[PDB]
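Below: one structure, written as structure tokens.
Nothing fancy with the numbering, it's 1 onward along the sequence.
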Amino acid sequence: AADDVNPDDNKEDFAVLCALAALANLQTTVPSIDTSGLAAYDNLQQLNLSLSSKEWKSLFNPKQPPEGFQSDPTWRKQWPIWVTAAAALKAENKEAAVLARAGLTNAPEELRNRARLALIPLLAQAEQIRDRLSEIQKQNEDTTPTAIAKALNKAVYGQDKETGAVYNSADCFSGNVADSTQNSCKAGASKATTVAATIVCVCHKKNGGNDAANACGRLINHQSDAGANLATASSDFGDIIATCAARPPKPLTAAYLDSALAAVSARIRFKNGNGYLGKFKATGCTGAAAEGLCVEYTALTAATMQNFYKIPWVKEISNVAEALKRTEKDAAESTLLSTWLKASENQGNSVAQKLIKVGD
Ligand SMILES: *[C@@H]1O[C@H](CO)[C@@H](O[C@@H]2O[C@H](CO)[C@@H](O[C@@H]3O[C@H](CO[C@H]4O[C@H](CO)[C@@H](O)[C@H](O)[C@@H]4O)[C@@H](O)[C@H](O[C@H]4O[C@H](CO)[C@@H](O)[C@H](O)[C@@H]4O[C@H]4O[C@H](CO)[C@@H](O)[C@H](O)[C@@H]4O)[C@@H]3O)[C@H](O)[C@H]2NC(C)=O)[C@H](O)[C@H]1NC(C)=O
């Protein structure tokens, strides 16, 4: 009976599925956009406004530009930035601190003016950098530990929640289990749409004899069974998953997720017009040792493999990986954008010293 499903015959598939199941209820840090450069730029905007004329300061003391400028594209773009700067400068002692940092406390009017003009090219250089950093911030604002946890819990357990996801056939199988195990253990009337459903299909001990208990590992203590046609799969899944200790690397990376999906894709085997994960002998993935303990990717072929990536759990993990791929790069970019903007802030605080000494 070497060709039947025997104990340990699905053990290597199970190791990969255990790694995927450990993405449930995940608490990971995500690469963060370093937004300290936005504050550095705001400080430059505050210095610029402090040094401005009484006529200019009067425009802010709101909501949109004054008559004559409501349609000027530069005023439309800058209005919220200027308003934020004016609001910050109303705070007790804020303007005095801004001027002190710039060496402009008690500065003569001619020095204040020359200093403001000296900031023109500096602010023009910094504007481009700050706008890119703001774009990065917005483009990655949905890449958070909470959104990732929810997406991965959808992948593993079919439950759109950040924590407390647990096995429930009503969620792990799309629409709950089917009339028969063979029909439940199909994906691509798709049913086995989560990692947990995949583990049930590849590992469960059916009731009624002729089962393939311990296919996923001899150390599983199947204390019960999955019932007939997976009717009580939850009890058996608990015993199977109790053997899984996997932990993903932290912080979670796109590369790790991509490697997990690639590994699965490299294990699916095509026979007679379908794909299979888990040992398949004959008839269907019914849970009987002489038939199969498997997911049938119905109609999946090498050439239609793109459809594997549309199965819900695969799509959810792919979406997380795509988001992390972007945020990893944008986070590394943001470190430098913010360092540059802090340097521009320091530069702006130095112009007065040059101007004083040039005048003297
Ligand atoms: C640091 O703080 C200073 C204030 O101390 C602030 O400066 C102000 O910046 C704005 C935005 O660049 C300047 O806006 C220009 O204003 C002129 C008219 O200026 C008069 O009126 C204003 C408001 O009462 C007075 O402050 C000023 O002294 C003058 O009395 C407009 O003509 C400008 O419009 C052209 O440029 C825009 C881009 O900046 C275009 O969007 C717009 O379409 C116009 O361009 C077109 O027309 C041009 C003329 O024909 C042509 O040459 C172009 O090719 C194009 O066809 C603009 O609205 C304002 O004057 C500045 N005020 C002072 C006192 O300097 C800085 O913005 C701030 N720095 C930062 C980084 O925030």
Practice item. Decide yes or no for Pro65 and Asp72: does some side-chain heavy atom of the first lie under 4.5 Å from some side-chain heavy atom of the second? Key: no
Review point. Do the non-hydrogen side-chain atoms of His204 and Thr181 ever get within less than 4.5 Å of each other?
Key: yes
Check your understanding: Do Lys205 and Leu293 touch side chain to side chain, with heavy atoms closer than 4.5 Å?
Key -> no
Review point. Short question: side chain of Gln182, backbone of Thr283 - any donor-acceptor pair under 3.5 Å?
Key: yes
Review point. Can you list the residues that meet the side chain to side chain donor-acceptor pair (under 3.5 Å) rule with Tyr297, with sequence neighbours excluded?
Key: none
**Study point:** Donor-acceptor contact present, side-chain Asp9 to main-chain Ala215, <3.5 Å
**Key:** no
**Study point:** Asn6 side chain to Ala1 backbone, donor-acceptor under 3.5 Å
**Key:** yes
Practice item. Report yes if the SG atoms of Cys294 and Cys201 are separated by under 2.5 Å, and no otherwise. Key: no
Exercise for review: May I ask you to decide if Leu355's main-chain N or O and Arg114's side chain share a donor-acceptor pair within less than 3.5 Å?
Suggested key: yes
Check your understanding: So do the side chains of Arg130 and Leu341 get within less than 4.5 Å of each other, counting heavy atoms only?
Key -> yes
Practice item. Decide yes or no for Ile120 and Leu117: does some side-chain heavy atom of the first lie under 4.5 Å from some side-chain heavy atom of the second? Key: yes
Review point. Got a sec: does the CG of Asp3 have more than 12 other heavy atoms crowding it under 6.0 Å?
Key: yes
Review point. Do you know which of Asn140, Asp142, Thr144 makes side chain to side chain donor-acceptor pair (under 3.5 Å) with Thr327?
Key: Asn140
Practice item. Might you work through the side chain to side chain donor-acceptor pair (under 3.5 Å) test for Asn214 and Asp8, ending with a clear yes or no? Key: CA-CA 6 Å; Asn214 294 97; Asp8 282 347; over 6 Å; no
Check your understanding: Can the SG atoms of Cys216 and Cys203 be said to lie under 2.5 Å from each other?
Key -> yes
Review point. Which pair of non-hydrogen atoms, one from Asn176 and one from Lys191, has the smallest distance, and what is that distance?
Key: O-NZ, 2.9 Å
Review point. In Å, rounded to the nearest 0.5 Å, how long is the span from CG of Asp131 to CD1 of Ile81?
Key: 7.5 Å
Practice item. Look at the aromatic rings of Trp75 and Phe69 and report parallel, tilted or perpendicular, splitting at 30° and 60°. Key: parallel
Review point. Are the aromatic rings of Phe60 and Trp79 close, with centres under 6.0 Å apart?
Key: yes
Review point. So, are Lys206 and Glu291 salt-bridged, with charged N and O less than 4.0 Å apart?
Key: no
Point to revise | Check against disulfide bond (SG atoms under 2.5 Å apart), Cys18 and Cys244 | key: CA-CA 6 Å; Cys18 171; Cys244 172; 2.0 Å; yes
Check your understanding: Less than 4.5 Å apart, any side-chain heavy atom of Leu257 and any of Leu23?
Key -> yes
Revision key, fill the gap. Paired with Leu104, the side chain to side chain contact (heavy atoms under 4.5 Å, CB included) test is passed by just one of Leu99, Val351, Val98, namely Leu99
